[PDB]
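Trainee: this one's experimental. Sequence and coordinates below.
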Amino acid sequence: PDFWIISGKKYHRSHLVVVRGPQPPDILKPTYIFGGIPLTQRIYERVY
Amino acid sequence: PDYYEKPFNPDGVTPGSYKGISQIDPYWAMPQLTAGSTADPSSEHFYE
């Protein structure tokens, strides 16, 4: 995503510094909304 | 009369004004929010 929308204010990607965890494949990126795969998702069941 | 109400200014310290340090239990205090605190997440003072 070359642009991020925050409360109606439009920000270009170059200004921002965005960091993410493990990288999903391209087909799965929209499902995760172009973000890293969260660790709670793999740890909550085993913790319980 | 309202020094603590105004924002902190280090230049306003008079000689002999420092007396000590006091600690307050949480149930004796009650925080307050303003418009600026809950304005927009782009603000660095969001929700404090």
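Mentor: Great, that's in hand. Residues are numbered from 1 along each chain as shown, chains lettered A, B, ... in the order given.
Trainee: and for residue A:6, the neighbour number?
Mentor: The number of residues packed around residue A:6, counting by other CB atoms under 10 Å in any protein chain shown, is 11. Any C-beta I mention is one placed from the backbone N, CA and C, and that applies to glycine too.
Trainee: now swap in the one 4 residues further on and tell me
Mentor: Applying other CB under 10 Å, we find 8 other residues in the vicinity of residue A:10.
Trainee: next: residue B:37.
Mentor: For residue B:37, using other CB under 10 Å, the count is 13.
Trainee: now do residue B:40
Mentor: For residue B:40, using other CB under 10 Å, the count is 11.
Trainee: kindly report the same for residue A:11.
Mentor: 12.
Trainee: same thing with the one 5 residues further on?
Mentor: Here the number of neighbours of residue A:16 (other CB under 10 Å) works out to 11.
Trainee: could you check how far it is from chain B?
Mentor: Look at residue A:16 and chain B: by CB to the nearest CB, to the nearest Å, they are 11 Å apart.
Trainee: the residue in chain A that chain B sits nearest to: what's it in contact with?
Mentor: Closest contact between chain A and chain B, by CB to the nearest CB, is at residue A:7 (4.7 Å). Taking CB atoms under 8 Å, 6 or more residues apart in numbering or on different chains, we find residue A:7 in contact with B:40, B:41, B:42.
Trainee: and chain B, which residues reach chain A?
Mentor: B:40, B:41, B:42 (CB under 8 Å from any CB of the partner chain).
Trainee: residue A:41: which of these is nearest?
Mentor: The closest of the residues of chain B next to chain A to residue A:41 turns out to be residue B:41 (CB to CB; 23.7 Å).
Trainee: surely that closest one meets residue A:6?
Mentor: Yes. Using CB atoms under 8 Å, residue B:41 is in contact with residue A:6, at 6.1 Å.
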